[PDB]
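Trainee: First the structure, which I've put down as structure tokens, then a few questions once you've had a look.
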Amino acid sequence: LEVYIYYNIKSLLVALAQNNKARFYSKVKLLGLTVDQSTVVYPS
Amino acid sequence: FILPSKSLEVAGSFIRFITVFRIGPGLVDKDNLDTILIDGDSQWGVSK
Numbered sequence: 001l002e003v004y005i006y007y008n009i010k011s012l013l014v015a016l017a018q019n020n021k022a023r024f025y026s027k028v029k030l031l032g033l034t035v036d037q038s039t040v041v042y043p044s
Numbered sequence: 101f102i103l104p105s106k107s108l109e110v111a112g113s114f115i116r117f118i119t120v121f122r123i124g125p126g127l128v129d130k131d132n133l134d135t136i137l138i139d140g141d142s143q144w145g146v147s148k
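Top line first, the protein sequences correspond to chains A and B. What the first sequence shows, in our numbering, is residues 1 to 44, in sequence order. What the second sequence shows, in our numbering, is residues 101 to 148, in sequence order.
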């Protein structure tokens with residue numbers, strides 16, 4: 001069970017970190033100001 | 101987009117094309133893309 005959970009965690013963490021290679025700047029409205037955010041899946 | 105090219109009837113000919121797709125999950129290779137044109141919140145990666 002521990003090896004299974006480790007394997008799942010390793011796959012999930014690598015997948016989450018891979019999303020940071022496609023970061024691009026957009027325009028979104030936070031509060032009341034339109035600002036340039038930096039956006040980028042999120043597997044269960 | 102299908103650029104003009106020699107026909108495939110004659111041997112040793114290649115057809116040249118460019119694909120422009122909205123960026124999303126699937127077969128996408130950002131490193132080998134020609135460029136990633138950008139729109140509001142939406143990308144459009146064009147291939148070489």
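Note that CB positions come from ideal geometry on N, CA and C, so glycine has one too.
#1: If contact is defined by three or more beta carbon pairs under 8 Å, each pair taking one atom from either stretch, is the region 24-44 of chain A in contact with the region 105-118 of chain B?
#2: What residues in the region 11-31 of chain A bring their beta carbon closer than 9 Å to a beta carbon of chain B?
#3: Return yes when the Cβ of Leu137 of chain B is within less than 8 Å of the Cβ of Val146 of chain B, no when it is not.
#4: Please state whether the Cβ-Cβ distance between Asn20 of chain A and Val35 of chain A is less than 8 Å.
#5: For the alpha helix (DSSP H) holding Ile5 of chain A, just list the boundary residues, first then last.
#6: Which residue or residues does DSSP assign as beta-bridge partners of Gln143 of chain B?
#7: State yes or no: is the beta carbon of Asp134 of chain B nearer than 8 Å to at least one beta carbon in chain A?
#8: Using 8 Å for Cβ pairs, my map puts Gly140 of chain B next to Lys27 of chain A. What's the rounded Cβ distance?
#9: To be precise: take each residue of the region 136-148 of chain B, compare its Cβ to all Cβ atoms of chain A, and keep it if any distance is under 8 Å. Which residues remain?
Mentor: Checking against the coordinates, here is how it stands:
#1: Inter-segment contact for the region 105-118 of chain B and the region 24-44 of chain A is absent: fewer than three beta-carbon pairs are separated by less than 8 Å.
#2: Look at the region 11-31 of chain A: the residues with a C-beta under 9 Å from a C-beta of chain B are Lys21, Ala22, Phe24, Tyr25, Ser26, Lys27 and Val28.
#3: Position 46 of the second sequence, counted from the first residue, corresponds to residue 146 of chain B. Position 37 of the second sequence, counted from the first residue, corresponds to residue 137 of chain B. Result yes, Cβ atoms of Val146 of chain B and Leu137 of chain B sit closer than 8 Å.
#4: Position 20 of the first sequence, counted from the first residue, corresponds to residue 20 of chain A. Position 35 of the first sequence, counted from the first residue, corresponds to residue 35 of chain A. For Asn20 of chain A and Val35 of chain A, no; Cβs fall outside 8 Å.
#5: On the first sequence, residue 5 of chain A is found 5 positions in, with the first residue counted as 1. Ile5 of chain A -> alpha helix (DSSP H) spans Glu2 to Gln18.
#6: Taking the first residue of the second sequence as 1, we reach residue 143 of chain B at position 43. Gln143 of chain B has B:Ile138 as its beta-bridge partners, per DSSP.
#7: Residue 134 of chain B sits at position 34 when you count from the first residue of the second sequence. It does not: the Cβ of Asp134 of chain B has no partner Cβ on chain A nearer than 8 Å.
#8: To locate residue 140 of chain B, count along the second sequence from 1; it is residue 40. To locate residue 27 of chain A, count along the first sequence from 1; it is residue 27. With a Cβ gap of about 7 Å, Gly140 of chain B and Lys27 of chain A count as contacting.
#9: Within the region 136-148 of chain B, the residues whose Cβ lies closer than 8 Å to some Cβ of chain A are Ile136, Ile138, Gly140, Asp141 and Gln143, listed in chain order.
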